[PDB]
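Comments concern the structure below.
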Amino acid sequence: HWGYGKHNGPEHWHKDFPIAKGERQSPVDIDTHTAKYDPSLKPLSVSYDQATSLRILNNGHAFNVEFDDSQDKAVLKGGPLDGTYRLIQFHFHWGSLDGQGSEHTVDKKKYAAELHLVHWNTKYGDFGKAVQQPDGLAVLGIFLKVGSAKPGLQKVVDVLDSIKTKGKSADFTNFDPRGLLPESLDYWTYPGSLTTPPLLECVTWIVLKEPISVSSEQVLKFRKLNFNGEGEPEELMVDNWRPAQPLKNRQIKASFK
Ligand SMILES: COc1cc([Te]C[C@@H](O)C[Se]c2ccc(S(N)(=O)=O)cc2)cc(OC)c1OC
Ligand SMILES: [Zn+2]
């Protein structure tokens, strides 16, 4: 099965998922001098006051914090988006070392990690229908750098011991994803893909310019997770990031001057 090892990592994915070599793959390098300010882009509307978190799951590739998306409780609107996108889950990608881990890069700079808040377009009715559409998903990407602790992350860090291995889940109610946001909602945006198989070309990417700070102790706890199942030889969950893909015939737009 696909993963992030020497034998099943990103350079292998094209054999089972040929869209890996497609025209709108993610992530990409954001060249900050080549991105054009688009004064027609609206401020992002992040409406997370009624978010209902349910569960946290180790899926063998990352961990997902899942939300109740059976109503408009936590939605993303505005910016480059038409209509209403409902939050379904968030997850991270991170490195074995602080100098790598992000999927997007900024002038080839890699951050220690990247948060992905995944949303689906309510005009398609469910997430599985939305991933078949070129405007099906909106993913809000937020870089993490190592410095001061992020207080709003600690409730996630403290549950990771209970989902160490693939297939483990834990109740995770009353988590407020507003505690993961930076101060500024300035962003870059471009049309792209899922960054894991099946690599579907269904994503409007919205990547925030301002990183959040997390502590070395917080990211060390991410790196204690396991790719393996319980009672299998330990393989640490690190370096679960896809490198930057060719931009091809795409333009990255900036919300800011
Ligand atoms: C949940 O129901 C389904 C789900 C799926 Te496609 C799930 C899973 O295999 C990948 Se979800 C995902 C989300 C975000 C990212 S990222 N890193 O942010 O780019 C990467 C991957 C297809 C289905 O049918 C078409 C479906 O039937 C209902
Ligand atoms: Zn992701």
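Please read every residue number as a count from 1 along the shown chain.
If you're wondering, the header gives X-ray crystallography, 1.4 Å.
Even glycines carry a Cβ here, placed using N, Cα and C.
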Candidates are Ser45, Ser162, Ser215; I want to know which one Swiss-Prot annotates as phosphoserine.
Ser162
Pick from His116, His119: which one does Swiss-Prot list with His91, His93 for the same Zn(2+) site?
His116
Position flagged as phosphoserine [Swiss-Prot], chosen from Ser102, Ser169:
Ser169
All chains considered, the count of other Cβ atoms within 10 Å of the Cβ of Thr196 (substrate binding site) is 21
Looking at the recorded positions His116, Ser162, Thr195, which ones sit with their CA no more than 10 Å from the CA of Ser169 (phosphoserine)?
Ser162
Excluding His91, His93, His116, please set out which residues of the same chain place their CB within 8 Å of the center of the CB atoms of the Zn(2+) site, keeping sequence order.
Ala62, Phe90, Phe92, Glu103, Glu114, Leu115, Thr195
Among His61, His91, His93, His116, which are recorded positions, the residue with the most C-beta atoms within 10 angstroms of its C-beta
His93
Cβ contacts of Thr195 (substrate binding site) (under 8 Å, same chain, 6 or more positions away):
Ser26, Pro27, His93, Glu103, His116, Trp241, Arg242
